[PDB]
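Asks: Handing you a structure now.
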Amino acid sequence: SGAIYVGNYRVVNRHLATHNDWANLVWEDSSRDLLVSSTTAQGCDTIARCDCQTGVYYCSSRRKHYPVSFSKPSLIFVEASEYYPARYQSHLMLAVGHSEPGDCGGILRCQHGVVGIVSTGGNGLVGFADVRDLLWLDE
Ligand SMILES: COc1ncccc1CC(=O)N1CCC[C@H](C(N)=O)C1
Ligand SMILES: [Zn+2]
């Protein structure tokens with residue numbers, strides 16, 4: 001699990017969104033596994049506005065942060081699950097590293113800020129949903 005808190009916005013994995021997230025829906029994209037909901041309290045996470053291909057992610061299944069090299073956001077084929085049938089997920093970045101389903105929501109960060117959140121895994125590859133192109137999260 002895990003979310004990004006910025007301004008009056010909360011960003012979560014779309015497959016993990018709650019009834020309160022859907023009741024205060026701002027934007028959601030199934031193709032991206034992303035959902036943004038509105039909040040009463042103000043968030044203070046910083047979003048990165050860059051094209052860094054290195055960073056650090058939080059892995060709840062090991063209680064560890066890991067440095068990773070990751071690909072640029074792209075259309076990557078994602079196997080079927082209880083949440084989605086087999087599809088291409090857009091704005092996806094892959095890295096060689098450990099992940100388990102419950103690690104979805106863990107933040108990926110560079111020197112500039114929050115890059116995205118864990119959203120896929122398997123075969124020793126972890127996939128992160130990019131958020132750097134969502135310029136509106138800051139206004
Ligand atoms: C980080 O997740 C994993 N890591 C290792 C093994 C397995 C996983 C689970 C995983 O990839 N997904 C399940 C939940 C929805 C996902 C999606 N965006 O379509 C796919
Ligand atoms: Zn950066």
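Simple scheme: letters A, B, ... for chains in structure tokens order, numbers from 1 for residues in each chain, numbers from 1 for ligands in the order shown.
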Residues at most 10 Å from residue A:25, counting only C-alpha atoms, excluding those fewer than 2 positions away in the same chain, as number ranges by chain?
Replies: A: 9-10, 17, 19-23, 27-28, 35-38
Asks: Can you write just those residues out, N, CA, C and O atoms, as a PDB file, in the first residue's frame?
Replies:
ATOM      1  N   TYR A   9      -4.520  16.883  -3.142  1.00  0.00           N
ATOM      2  CA  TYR A   9      -4.620  15.654  -3.923  1.00  0.00           C
ATOM      3  C   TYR A   9      -3.949  14.441  -3.207  1.00  0.00           C
ATOM      4  O   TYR A   9      -2.967  14.609  -2.490  1.00  0.00           O
ATOM      5  N   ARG A  10      -4.519  13.228  -3.398  1.00  0.00           N
ATOM      6  CA  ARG A  10      -4.002  11.969  -2.881  1.00  0.00           C
ATOM      7  C   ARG A  10      -3.881  11.052  -4.118  1.00  0.00           C
ATOM      8  O   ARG A  10      -4.859  10.877  -4.832  1.00  0.00           O
ATOM      9  N   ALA A  17      -7.761   1.707  -4.672  1.00  0.00           N
ATOM     10  CA  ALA A  17      -8.583   2.850  -4.297  1.00  0.00           C
ATOM     11  C   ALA A  17      -9.729   2.431  -3.381  1.00  0.00           C
ATOM     12  O   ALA A  17     -10.301   1.376  -3.577  1.00  0.00           O
ATOM     13  N   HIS A  19     -13.567   3.376  -1.057  1.00  0.00           N
ATOM     14  CA  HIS A  19     -14.854   4.005  -1.350  1.00  0.00           C
ATOM     15  C   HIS A  19     -14.708   5.526  -1.199  1.00  0.00           C
ATOM     16  O   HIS A  19     -15.263   6.263  -2.014  1.00  0.00           O
ATOM     17  N   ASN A  20     -13.947   6.003  -0.184  1.00  0.00           N
ATOM     18  CA  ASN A  20     -13.719   7.454  -0.043  1.00  0.00           C
ATOM     19  C   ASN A  20     -12.943   8.051  -1.241  1.00  0.00           C
ATOM     20  O   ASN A  20     -13.227   9.175  -1.636  1.00  0.00           O
ATOM     21  N   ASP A  21     -11.988   7.306  -1.835  1.00  0.00           N
ATOM     22  CA  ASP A  21     -11.263   7.796  -3.012  1.00  0.00           C
ATOM     23  C   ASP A  21     -12.236   7.941  -4.190  1.00  0.00           C
ATOM     24  O   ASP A  21     -12.200   8.950  -4.891  1.00  0.00           O
ATOM     25  N   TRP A  22     -13.121   6.951  -4.398  1.00  0.00           N
ATOM     26  CA  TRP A  22     -14.114   7.045  -5.489  1.00  0.00           C
ATOM     27  C   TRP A  22     -15.182   8.123  -5.213  1.00  0.00           C
ATOM     28  O   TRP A  22     -15.677   8.741  -6.145  1.00  0.00           O
ATOM     29  N   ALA A  23     -15.519   8.361  -3.940  1.00  0.00           N
ATOM     30  CA  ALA A  23     -16.511   9.379  -3.581  1.00  0.00           C
ATOM     31  C   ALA A  23     -15.992  10.817  -3.817  1.00  0.00           C
ATOM     32  O   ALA A  23     -16.799  11.735  -3.960  1.00  0.00           O
ATOM     33  N   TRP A  27      -9.516  12.316 -10.858  1.00  0.00           N
ATOM     34  CA  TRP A  27      -9.103  11.699 -12.111  1.00  0.00           C
ATOM     35  C   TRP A  27      -8.701  10.222 -11.850  1.00  0.00           C
ATOM     36  O   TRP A  27      -8.220   9.890 -10.767  1.00  0.00           O
ATOM     37  N   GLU A  28      -8.917   9.347 -12.834  1.00  0.00           N
ATOM     38  CA  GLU A  28      -8.520   7.940 -12.773  1.00  0.00           C
ATOM     39  C   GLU A  28      -8.227   7.427 -14.199  1.00  0.00           C
ATOM     40  O   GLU A  28      -8.906   7.850 -15.152  1.00  0.00           O
ATOM     41  N   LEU A  35      -5.189   6.586  -9.698  1.00  0.00           N
ATOM     42  CA  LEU A  35      -6.390   7.254  -9.223  1.00  0.00           C
ATOM     43  C   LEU A  35      -5.946   8.394  -8.313  1.00  0.00           C
ATOM     44  O   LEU A  35      -5.056   8.233  -7.483  1.00  0.00           O
ATOM     45  N   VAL A  36      -6.514   9.564  -8.534  1.00  0.00           N
ATOM     46  CA  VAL A  36      -6.280  10.749  -7.744  1.00  0.00           C
ATOM     47  C   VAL A  36      -7.650  11.180  -7.162  1.00  0.00           C
ATOM     48  O   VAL A  36      -8.656  11.263  -7.869  1.00  0.00           O
ATOM     49  N   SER A  37      -7.674  11.365  -5.857  1.00  0.00           N
ATOM     50  CA  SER A  37      -8.820  11.781  -5.085  1.00  0.00           C
ATOM     51  C   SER A  37      -8.465  13.127  -4.366  1.00  0.00           C
ATOM     52  O   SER A  37      -7.275  13.444  -4.177  1.00  0.00           O
ATOM     53  N   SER A  38      -9.512  13.893  -3.958  1.00  0.00           N
ATOM     54  CA  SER A  38      -9.354  15.185  -3.288  1.00  0.00           C
ATOM     55  C   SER A  38      -9.294  15.016  -1.772  1.00  0.00           C
ATOM     56  O   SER A  38      -9.820  14.041  -1.239  1.00  0.00           O
TER      57      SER A  38
END
Asks: Using only C-alpha atoms and all ligand atoms, what are the residues with an atom within 9 Å of ligand 1, set out as a PyMOL selection string?
Replies: chain A and resi 13-16+30-34+78-89+98-105+118-129
Asks: Could you give me, as a list in words, the residues within 8 Å of stretch 64-75 of chain A, counting only C-alpha atoms and dropping anything in the same chain fewer than 3 positions from it?
Replies: residues 51, 53, 54, 55, 56, 57, 58, 59, 60, 61, 88, 89, 90, 91, 92, 93, 94, 95, 96, 97, 129 and 130 of chain A
Asks: Could you please determine the separation between atom CA of residue A:5 and atom CA of residue A:46 in Å, to one decimal place?
Replies: 8.8 Å
Asks: Mind pulling up the distance from atom CA of residue A:110 to atom CA of residue A:41?
Replies: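 About the pair atom CA of residue A:41 and atom CA of residue A:110: they are 25.3 Å apart.
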Asks: Using 10 Å as the limit and counting only C-alpha atoms and all ligand atoms, can you tabulate each residue of chain A that touches ligand 2, with its shortest atom-to-atom distance in Å and the two atoms involved, as a tab-separated table?
Replies:
residue	atom	partner	partner_atom_place_in_ligand_line	distance
A:47	CA	ligand 2	1 (Zn)	9.2
A:48	CA	ligand 2	1 (Zn)	5.5
A:49	CA	ligand 2	1 (Zn)	6.6
A:50	CA	ligand 2	1 (Zn)	4.8
A:51	CA	ligand 2	1 (Zn)	6.0
A:52	CA	ligand 2	1 (Zn)	4.3
A:53	CA	ligand 2	1 (Zn)	7.6
A:54	CA	ligand 2	1 (Zn)	7.7
A:55	CA	ligand 2	1 (Zn)	7.7
A:109	CA	ligand 2	1 (Zn)	7.5
A:110	CA	ligand 2	1 (Zn)	4.6
A:111	CA	ligand 2	1 (Zn)	5.4
A:112	CA	ligand 2	1 (Zn)	4.2
A:113	CA	ligand 2	1 (Zn)	6.3
A:114	CA	ligand 2	1 (Zn)	8.1
A:115	CA	ligand 2	1 (Zn)	7.1
A:132	CA	ligand 2	1 (Zn)	9.1
Asks: State, in Å with one decimal place, the distance from atom CA of residue A:2 to atom CA of residue A:133.
Replies: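 Atom-to-atom, atom CA of residue A:2 and atom CA of residue A:133 are spaced 19.7 Å apart.
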Asks: What residues in stretch 13-113 of chain A get the DSSP label strand (DSSP E)? Please answer as a ChimeraX atom specification.
Replies: /A:13,25-29,34-44,54-59,64-69,74-78,87-96,107-110,113
Asks: Deliver the residues from the most recent selection as a file, using N, CA and C atoms, as a short mmCIF file (atom, residue, chain, number, x, y, z; two decimals), in the first residue's frame.
Replies:
data_model
loop_
_atom_site.label_atom_id
_atom_site.label_comp_id
_atom_site.auth_asym_id
_atom_site.auth_seq_id
_atom_site.Cartn_x
_atom_site.Cartn_y
_atom_site.Cartn_z
N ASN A 13 -2.66 3.66 -6.19
CA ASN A 13 -2.86 2.65 -7.23
C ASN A 13 -4.40 2.58 -7.42
N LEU A 25 -13.39 11.44 -6.27
CA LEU A 25 -12.64 11.22 -7.49
C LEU A 25 -12.29 12.51 -8.19
N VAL A 26 -11.00 12.69 -8.52
CA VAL A 26 -10.57 13.85 -9.27
C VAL A 26 -10.31 13.37 -10.73
N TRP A 27 -9.52 12.32 -10.86
CA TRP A 27 -9.10 11.70 -12.11
C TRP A 27 -8.70 10.22 -11.85
N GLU A 28 -8.92 9.35 -12.83
CA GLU A 28 -8.52 7.94 -12.77
C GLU A 28 -8.23 7.43 -14.20
N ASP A 29 -7.18 6.59 -14.37
CA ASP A 29 -6.84 6.03 -15.69
C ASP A 29 -6.52 4.54 -15.50
N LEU A 34 -3.71 4.27 -12.15
CA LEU A 34 -3.69 5.47 -11.28
C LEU A 34 -5.08 6.07 -10.93
N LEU A 35 -5.19 6.59 -9.70
CA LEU A 35 -6.39 7.25 -9.22
C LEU A 35 -5.95 8.39 -8.31
N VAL A 36 -6.51 9.56 -8.53
CA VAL A 36 -6.28 10.75 -7.74
C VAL A 36 -7.65 11.18 -7.16
N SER A 37 -7.67 11.37 -5.86
CA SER A 37 -8.82 11.78 -5.08
C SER A 37 -8.46 13.13 -4.37
N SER A 38 -9.51 13.89 -3.96
CA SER A 38 -9.35 15.18 -3.29
C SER A 38 -9.29 15.02 -1.77
N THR A 39 -8.64 15.94 -1.07
CA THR A 39 -8.45 15.82 0.38
C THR A 39 -8.73 17.11 1.11
N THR A 40 -9.14 16.99 2.37
CA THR A 40 -9.40 18.16 3.20
C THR A 40 -8.04 18.74 3.62
N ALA A 41 -7.14 17.89 4.11
CA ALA A 41 -5.82 18.33 4.55
C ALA A 41 -4.90 18.60 3.37
N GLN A 42 -3.94 19.49 3.55
CA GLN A 42 -2.96 19.85 2.53
C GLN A 42 -1.74 18.90 2.59
N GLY A 43 -1.31 18.39 1.44
CA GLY A 43 -0.13 17.53 1.32
C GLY A 43 1.13 18.33 1.06
N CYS A 44 2.31 17.74 1.34
CA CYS A 44 3.56 18.48 1.17
C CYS A 44 4.70 17.66 0.52
N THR A 54 17.43 7.10 -12.71
CA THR A 54 17.98 6.51 -11.50
C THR A 54 17.24 7.13 -10.33
N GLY A 55 17.08 6.33 -9.29
CA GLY A 55 16.40 6.71 -8.07
C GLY A 55 16.45 5.64 -7.01
N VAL A 56 15.55 5.74 -6.02
CA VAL A 56 15.43 4.87 -4.87
C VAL A 56 13.97 4.58 -4.58
N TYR A 57 13.61 3.30 -4.38
CA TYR A 57 12.22 2.95 -4.08
C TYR A 57 12.05 2.24 -2.74
N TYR A 58 10.86 2.36 -2.11
CA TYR A 58 10.63 1.71 -0.84
C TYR A 58 9.96 0.34 -1.06
N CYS A 59 10.53 -0.70 -0.45
CA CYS A 59 10.05 -2.07 -0.61
C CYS A 59 9.52 -2.57 0.71
N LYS A 64 12.99 -2.21 3.23
CA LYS A 64 14.21 -1.56 2.72
C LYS A 64 13.97 -0.62 1.52
N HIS A 65 14.82 0.38 1.42
CA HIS A 65 14.89 1.25 0.25
C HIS A 65 16.01 0.64 -0.64
N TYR A 66 15.80 0.65 -1.96
CA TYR A 66 16.75 0.10 -2.94
C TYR A 66 17.10 1.09 -4.05
N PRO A 67 18.40 1.34 -4.35
CA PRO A 67 18.72 2.20 -5.51
C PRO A 67 18.45 1.39 -6.80
N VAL A 68 17.87 2.01 -7.83
CA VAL A 68 17.52 1.34 -9.10
C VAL A 68 17.78 2.25 -10.31
N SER A 69 18.02 1.61 -11.46
CA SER A 69 18.15 2.19 -12.78
C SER A 69 16.81 1.81 -13.42
N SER A 74 6.71 3.99 -20.60
CA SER A 74 6.36 3.35 -21.86
C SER A 74 5.18 2.37 -21.73
N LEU A 75 4.75 1.78 -22.86
CA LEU A 75 3.64 0.83 -22.96
C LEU A 75 4.25 -0.55 -22.76
N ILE A 76 3.98 -1.19 -21.64
CA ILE A 76 4.53 -2.49 -21.33
C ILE A 76 3.38 -3.46 -21.09
N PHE A 77 3.45 -4.65 -21.71
CA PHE A 77 2.46 -5.70 -21.54
C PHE A 77 2.48 -6.28 -20.09
N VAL A 78 1.30 -6.31 -19.45
CA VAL A 78 1.12 -6.75 -18.08
C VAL A 78 0.13 -7.92 -18.01
N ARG A 87 -3.24 -6.84 -20.33
CA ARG A 87 -3.35 -5.59 -21.09
C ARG A 87 -1.98 -4.89 -21.21
N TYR A 88 -1.89 -3.82 -22.00
CA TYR A 88 -0.70 -2.97 -21.98
C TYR A 88 -0.99 -1.86 -21.00
N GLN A 89 -0.10 -1.64 -20.07
CA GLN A 89 -0.18 -0.53 -19.16
C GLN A 89 0.76 0.61 -19.65
N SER A 90 0.22 1.83 -19.79
CA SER A 90 0.97 3.00 -20.25
C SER A 90 1.65 3.76 -19.09
N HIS A 91 2.70 4.58 -19.43
CA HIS A 91 3.44 5.40 -18.45
C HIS A 91 4.14 4.48 -17.36
N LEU A 92 4.57 3.29 -17.80
CA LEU A 92 5.24 2.28 -16.93
C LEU A 92 6.77 2.27 -17.04
N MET A 93 7.47 2.30 -15.88
CA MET A 93 8.94 2.28 -15.87
C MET A 93 9.45 0.98 -15.21
N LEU A 94 10.30 0.18 -15.90
CA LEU A 94 10.82 -1.05 -15.30
C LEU A 94 12.25 -0.92 -14.77
N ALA A 95 12.53 -1.66 -13.67
CA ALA A 95 13.82 -1.77 -12.98
C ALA A 95 14.06 -3.25 -12.54
N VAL A 96 15.33 -3.67 -12.46
CA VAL A 96 15.69 -4.98 -11.96
C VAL A 96 15.65 -4.83 -10.42
N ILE A 107 6.81 4.45 -2.84
CA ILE A 107 7.27 5.57 -3.65
C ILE A 107 8.67 5.36 -4.25
N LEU A 108 8.85 5.82 -5.51
CA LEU A 108 10.11 5.88 -6.22
C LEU A 108 10.51 7.39 -6.23
N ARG A 109 11.76 7.68 -5.85
CA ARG A 109 12.21 9.06 -5.75
C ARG A 109 13.55 9.25 -6.37
N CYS A 110 13.80 10.43 -6.94
CA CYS A 110 15.11 10.86 -7.44
C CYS A 110 15.54 12.10 -6.62
N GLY A 113 12.65 14.69 -6.64
CA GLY A 113 11.40 14.45 -5.94
C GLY A 113 10.78 13.10 -6.22
#
Asks: Could you check which of A:18, A:106, A:134, A:24 is closest to residue A:3, using only C-alpha atoms?
Replies: A:106
